[PDB]
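Consider the single chain below, provided in structure tokens and representing the form deposited without 9-oxo-9H-fluorene-4-carboxamide.
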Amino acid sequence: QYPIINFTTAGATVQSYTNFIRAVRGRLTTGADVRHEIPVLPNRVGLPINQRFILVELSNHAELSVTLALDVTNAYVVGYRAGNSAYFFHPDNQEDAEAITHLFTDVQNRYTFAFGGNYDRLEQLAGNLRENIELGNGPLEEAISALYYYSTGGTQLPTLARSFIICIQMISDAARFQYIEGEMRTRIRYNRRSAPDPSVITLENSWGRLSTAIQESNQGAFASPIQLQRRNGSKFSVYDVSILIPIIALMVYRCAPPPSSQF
């Protein structure tokens, strides 16, 4: 009953991936809430459970499928289903633990991992940092297979963690940032796989802080700058929402918008 968006790595093109990410954004955010031209995800406070999640059904050339569940309030992957088994990251709190009972409700085998699905924890489990995990259509094809075979013993934990890291960046971070979507489109267009450069990593790491700075800004002006990195690792200072309009596609809700207060 939650909305489902389908994507396959089989014969993926720039256009099919673009259509997919556009659909995911459409199901994450409603259009109610736009601050300086940038959409905001729904506020978790008071959000009915029937509106809390979306499902991303991923297929690959190997004819395998898995379904990821994303929380609309922050675009996080909270768990996944493959066949008759579902797995959820360790919940942050009791409300989240209750919420995930509403996902994959007829699956025969439900498991909750003891570990969370944040980047730091997943990198520790993978034995590799994001800067050393290749992304692209081949990585995603492989990730889907690894998730699919987990329940039968074919996938070691570090490979499972790597596979989550790939899915999260190629789906959640691409949905959060047009810039990251653009980086994945380029990989698909040239069928190349490559680890994310510092511009990608620093955006991933800064999403919450950027969301807050934009929402709490004075007419778009940040009280304090945010340091990002360029592709070559050099510093890029962000002082204003304006420079981020081509870059960030949606924000986590961090405060209510101030009154319009137009001149």
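When you see a residue number, it is the position in the sequence shown, counting from 1.
Form solved in complex with 9-oxo-9H-fluorene-4-carboxamide: not shown, discussed below.
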property	result
Joint contact, 65, 80 and 82 to 9-oxo-9H-fluorene-4-carboxamide in the deposited bound form, by non-hydrogen atom at 4.5 Å	no
Residue 151: touches 9-oxo-9H-fluorene-4-carboxamide in the deposited bound form, heavy atom cutoff 4.5 angstroms	no
Contact test in the deposited bound form: residue 146 vs 9-oxo-9H-fluorene-4-carboxamide, heavy atoms, 4.5 Å	yes
Partner proximity in the deposited bound form: residue 142 to 9-oxo-9H-fluorene-4-carboxamide, non-hydrogen atom cutoff 4.5 Å	yes
